[PDB]
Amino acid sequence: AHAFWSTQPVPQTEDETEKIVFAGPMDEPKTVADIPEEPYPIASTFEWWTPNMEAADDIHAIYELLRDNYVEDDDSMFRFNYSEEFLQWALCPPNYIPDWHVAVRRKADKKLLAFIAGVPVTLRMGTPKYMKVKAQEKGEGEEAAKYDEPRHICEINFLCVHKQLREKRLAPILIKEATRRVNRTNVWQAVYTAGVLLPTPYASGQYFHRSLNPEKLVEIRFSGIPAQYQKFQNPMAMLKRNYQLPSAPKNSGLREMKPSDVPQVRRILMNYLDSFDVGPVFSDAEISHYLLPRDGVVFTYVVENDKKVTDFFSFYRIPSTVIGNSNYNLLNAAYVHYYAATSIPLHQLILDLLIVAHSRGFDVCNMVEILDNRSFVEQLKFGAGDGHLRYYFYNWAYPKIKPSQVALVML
């Protein structure tokens, strides 16, 4: 069934994952000196390339590869079009490792053919709460707590092979070379997500969408007019009224985040994320990088009351190419990023997210049912989509958990 994934240190079946009780490594300990110093072999017509993701032109080359060859729906209606500024943001966080950005090019002319990217993340990935309770029942607390310390690991994203080279077993080679470069830096675990089912997720959640511009979404067939609206004289008018939003935020202290807010935002975020079984730990530099506003990329607002920041939300922009409809070039989606609420109900905080996103010209707001995202689905008129995001570890045994015990947002 899986000629590549069967050879890797991942759980091989759903049954295996449902039997795991404690977090820890799959493979035997290895040293850096054990790991080949030479790049993984690749066909003579190709070469490995490490792009400089802080050079505008190298970012542009990766941008083009992904624009033309990255994730598309099965009906080929929409294809992600991450911007150049987004890619620089995502692939160069504090203390990033340039060698973890791995590309293949055709040696002759040097066309870019494939890419995969790793970035550092500090993750809590110790045994989940439910399984620590069972372990205490049983006298096994020491084993259950062994890997509780937040671990410095790799997050993988942006795996892409050019459409002309699909189904030639190039993706396994990129994965193996990325693994080698990570292992050479003495890191032995990775976290990754995909929409496809691979061996084997530790968690899975549905995607949810909230329409902001229903007329456009229906036109491009992202959305349908649902059957019950046919009881109405003007279905589209009633759809628009259904999703109508305020033109101004409701929370009076709302404003964009600024550098001086970093310590307080770090504090309330970390207190919140601490409650979840899998979640990142951020430095001040990482809070600054991932949350301060960046035009066209990330948008972050704080609620400041009596000169104190008590709540915040963030969202990021991923446009998609509208492949088949010629009336529109792009789908402009806002994705829910991190947030924390201490003064107001989460639904009140996130309504202001939708108002700001709509005001800024976004067409839809998307999220996965991680964090406390299910708490505002119905009131704020999100609907489940047909897709799922599955969360995976490489070289880490982990119990199956619910997606509401996951606090890592994937870009």
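If you superpose the two forms and keep the largest set of C-alpha atoms that fall within 1.5 Å, you have the rigid core. Residue indices: 1-based, along the sequence shown.
Farther on average from this form in 9 other deposited structures of this protein lies stretch 324-332, the comparison being between 324-332 and 249-257 by RMS Cα distance after core superposition. The segment moving more, judged by mean Cα distance from this form in 9 other deposited structures of this protein after a core overlay, is 71-79 among 71-79 and 86-94.
Looking at mean Cα B-factors across 59-67 and 25-33, the upper value is held by 25-33. Annotation for 382-390 versus 346-354: the higher mean temperature factor (C-alpha) is found in 382-390. Taking the PDB entry at face value, the top CA B factor among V161, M270, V218, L291 belongs to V218. If you compare the C-alpha temperature factors of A190, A333, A341, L112 in the entry, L112 comes out highest. Ranked against the other modelled residues of its chain, the C-alpha B-factor of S359 as given in the entry falls in the middle third.
Per-chain ranking of the deposited C-alpha B factor places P263 in the middle third. Among the modelled residues of the chain, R166 sits in the middle third by CA temperature factor in this PDB entry.
Among the modelled residues of the chain, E177 sits in the lowest third by CA temperature factor in this PDB entry. In the deposited entry, the Cα temperature factor of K307 places it in the highest third of its chain's modelled residues.
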